[PDB]
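Observations on the three-dimensional arrangement
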Amino acid sequence: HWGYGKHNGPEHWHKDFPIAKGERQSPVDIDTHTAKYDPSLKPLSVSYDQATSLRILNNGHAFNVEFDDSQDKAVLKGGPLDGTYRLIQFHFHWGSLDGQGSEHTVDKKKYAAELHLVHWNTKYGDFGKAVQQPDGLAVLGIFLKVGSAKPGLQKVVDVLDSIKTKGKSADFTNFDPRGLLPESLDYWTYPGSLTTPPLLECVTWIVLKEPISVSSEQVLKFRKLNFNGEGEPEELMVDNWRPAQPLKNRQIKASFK
Ligand SMILES: NS(=O)(=O)c1ccc(CNc2nc[nH]c(=O)c2[N+](=O)[O-])cc1
Ligand SMILES: NS(=O)(=O)c1ccc(CNc2nc[nH]c(=O)c2[N+](=O)[O-])cc1
Ligand SMILES: [Zn+2]
């Protein structure tokens, strides 16, 4: 199986998922100087007031906080998007050290982690159908730097010891993802892909300029998670990020400045 270990990491994925070397792969380096301001972009609309979290799962690659997406409750719209995208889950990618961990980079700068709020286009009826379409998903990307704690993150951090190993899940209700957003919704956007296999080219990426601050103790707790299942040799869950991929024939647009 693919992973991020010594022998099955990102440079190996193409052998099972040939679209790894495709025309619209993610993440990418965001060259701030060459991203053009696009005054036709709209403000992003993040409507998470009715979000219903249900569960948190260690899937052996990251942990996902899953939402009830059976009704139009936590939606992302506007920005570069046409139509309405419903929140299904969020997860993070992070490093073994504070100097690395994000998937997207900003003029080659790597952040300590990166949060992905994953949304699917309601015109496709469900997630599984949406990932088959070029405009199927919108992922809202938010950088994490180490500094002041993020109080809105602590409930997530505190449950991780209950889902240490691959395939563990825990009840995770009433979590409000608004506590994870920075103050500004200024963003960059570009057409890309899932950053893990199956690496489908179905994502409008929206990457916020303003990172959120999390404490060293918070990100330390992410690094105590395990890639392995229970009663297998311990492999800390760290460096679960794909490096920047060739931008190819794509423009990154800025909503600002
Ligand atoms: N193209 S892909 O899906 O990324 C993929 C890549 C590599 C494999 C073989 N994996 C391994 N082979 C040898 N030793 C190991 O320790 C692992 N391992 O770590 O799994 C299987 C699938
Ligand atoms: N890192 S990211 O780009 O935000 C991101 C990556 C993967 C997903 C959903 N995963 C899947 N999607 C479709 N088919 C699949 O088979 C899987 N799967 O097997 O996981 C959602 C978001
Ligand atoms: Zn992700």
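Residues numbered from 1 in each chain as written, not as in the entry; some residues may be left out. Chains lettered and ligands numbered in written order. Heavy atoms only, no water.

- For this coordinate set, the PDB header names X-ray crystallography as the determination method and states a resolution of 1.700 Å.

1. Some details on the pattern of salt bridges
- Evaluated as defined, the whole model comprises eight salt bridges.
- Measuring nitrogen to oxygen at the nearest pair gives 2.8 Å for the salt bridge that ties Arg 223 to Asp 98. Residue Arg 223 is located in the loop between α3 (216-222) and β15 (253-254), and its partner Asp 98 is located in the loop between β7 (84-94) and β8 (105-106); the two are separated by 125 residues in the primary sequence. (Salt bridge = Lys/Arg side-chain N within 4 Å of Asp/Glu carboxyl O. Helix = DSSP H or I, 4+ residues; strand = E, 2+ residues; numbered from the N terminus.)

2. Structural notes on the coordination of the zinc ion (ligand 3)
- Donor atoms from the polypeptide that coordinate the zinc ion (ligand 3) comprise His 91 (NE2), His 93 (NE2) and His 116 (ND1), at 2.0 to 2.1 Å from the metal.
- If you look at the zinc ion (ligand 3), its four donor atoms make angles of 96 to 119° with each other, and the shape they trace is tetrahedral.
- As a motif over one chain, the donors of the zinc ion (ligand 3) read H-x1-H-x22-H.
- On the basis of relative accessible area, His 91 is assigned to the buried category, the value being 12%.
- Exposure remark for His 93: the relative accessible area of 3% places this residue in the buried category. (Donors = N, O, S within 2.8 Å, 3.2 Å for Na, K, Ca; no water. Tetrahedral: all angles 85-135°; square planar, octahedral: opposite > 155°, others 65-115°. Buried < 20%, exposed > 50% of the residue type's maximum accessible area, 1.4 Å probe, protein only.)

3. So, the UniProt feature "active site" in the protein chain
- UniProt records the feature "active site" for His 61 in the present numbering.
- By the secondary structure assignment, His 61 is in the loop between β4 (53-58) and β5 (63-67).
- Overall, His 61 belongs to the buried group, its relative accessible area being 13%. (UniProt positions renumbered as here; feature names shortened; annotations may be inferred.)

4. Topic: the nonpolar core
- Of all hydrophobic cores here, the largest spans 51 residues; its most connected members are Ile 56, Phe 63, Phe 90, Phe 92 and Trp 94.
- Mapped onto this core, the elements with two or more residues apiece are β5, β7, β9 (113-121), β10 (137-146), α2 (154-159), β13 (203-208), β14 (212-214) and α3.
- Per-element accounting of this core gives the leading share, five residues, to β7.
- With residues up to four places along the chain from it excluded, the contact list for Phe 90 reads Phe 63, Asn 64, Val 65, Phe 67, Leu 115, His 116, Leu 117, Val 156, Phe 175, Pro 177 and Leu 180.
- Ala 35, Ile 88, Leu 137 and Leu 194 belong to the second-largest nonpolar core, a separate cluster that totals 23 residues. (Core = buried A, V, L, I, M, F, W, Y, C linked by side-chain atoms within 4.5 Å. Contact = heavy atoms within 4.5 Å.)

5. Focus: the site of ligand 1
- In the neighbourhood of ligand 1, the contacting residues comprise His 1, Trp 2, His 7, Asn 8, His 12, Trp 13, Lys 15, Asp 16 and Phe 17.
- Interatomic distance of 2.7 Å between a side-chain N/O atom of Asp 16 and a nitrogen atom of ligand 1.
- Expressed as a share of its isolated accessible area of 500 Å², the protein-covered part of ligand 1 is 59%.
- In the shell around ligand 1, the residues fall into three nonpolar, four polar and two charged. (Near = heavy atom within 4 Å. Polar contact = N/O pair within 3.5 Å; in protein donor to acceptor, adjacent residues only side chain to side chain. Areas by Shrake-Rupley, 256 points an atom, 1.4 Å probe, with all protein chains shown as cover. Nonpolar A, V, L, I, M, F, W, Y, C, P; charged D, E, K, R; others polar.)

6. Quick look at unusual backbone geometry
- Note that the residue after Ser 26, namely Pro 27, is joined by a cis bond; omega there is 0°.
- For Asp 107, which is not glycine, the phi dihedral falls at a positive 40°.
- The residue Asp 107 is located in the loop between β8 and β9 in this model.
- Looking at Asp 107, the relative accessible area reads 37%, which means it is partly exposed.
- Positioned with a positive phi, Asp 239 is a non-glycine residue whose angle comes to about 55°.
- Topologically, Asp 239 is positioned in the loop between α3 and β15.

7. Here we look at the site of ligand 2
- For ligand 2, the set of nearby residues contains 13 residues, the closest of which are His 91, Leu 194, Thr 195, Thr 196 and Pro 198.
- Measuring from a nitrogen atom of ligand 2, one finds a side-chain N or O atom of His 91 at 3.3 Å.
- Residue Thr 195 places a side-chain N or O atom 2.7 Å away from a nitrogen atom belonging to ligand 2.
- Its free accessible area being 490 Å², ligand 2 has 72% of it covered by the protein chains.
- The set of elements that each furnish at least two residues to the shell around ligand 2 consists of β7 and β9.
- With three residues, the top contributor of residues to the shell around ligand 2 is β7.

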